[PDB]
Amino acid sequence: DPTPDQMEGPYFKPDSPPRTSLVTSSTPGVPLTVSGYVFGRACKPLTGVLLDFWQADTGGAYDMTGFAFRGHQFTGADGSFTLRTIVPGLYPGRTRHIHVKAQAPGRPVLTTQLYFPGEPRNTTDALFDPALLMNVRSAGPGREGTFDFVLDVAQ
């Protein structure tokens, strides 16, 4: 309220495919589904918001040749989103994170990141921001993330 912005990073690639799922049962890593809503200025759900996610694989590598672990979606009538993925791996200098660009129809793009609770690197990574923490709880062999966006959109 409202979701803080952060840098894009060198590993963004435009033109991600449309998909809410980035993984299969055969994808290595700890299963993670992240879900929530996009709200505007009056705490009301926003429809048709573009959410474009990218992240490292379980071993901390980004795909620069293809679009593995890159995918975008649009919020539905209820303003909800869902992302089925795996927990991204650590890589040099950074705590654990998922990248996201959010764009409400006809508005500027918000570039930001999502962080994980209880990660030791949250204390070492200067880029870390507790306002961008997901809630994360166990769900069998995997995990469930919860995060709501608030965009600067008048209602």
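Quick note: we count residues from 1 along the sequence shown, nothing fancier.
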- Would you determine, from the values in the PDB entry, which of 47 to 55 and 22 to 30 has the greater average C-alpha temperature factor? 22 to 30
- Note on the structure: When mean C-alpha B-factors in the record are compared for 37 to 45 and 56 to 64, the larger belongs to 37 to 45
- Based on the entry's values, in what third of the chain does the Cα temperature factor of residue 92 lie: lowest, middle or highest? middle
- Message: Split into thirds by Cα B-factor across the chain's modelled residues, where does residue 140 land: lowest, middle or highest?
- Response: highest
- Query: Hey, what third does residue 98 fall into on Cα B-factor, ranked over its chain?
  - Reply: lowest
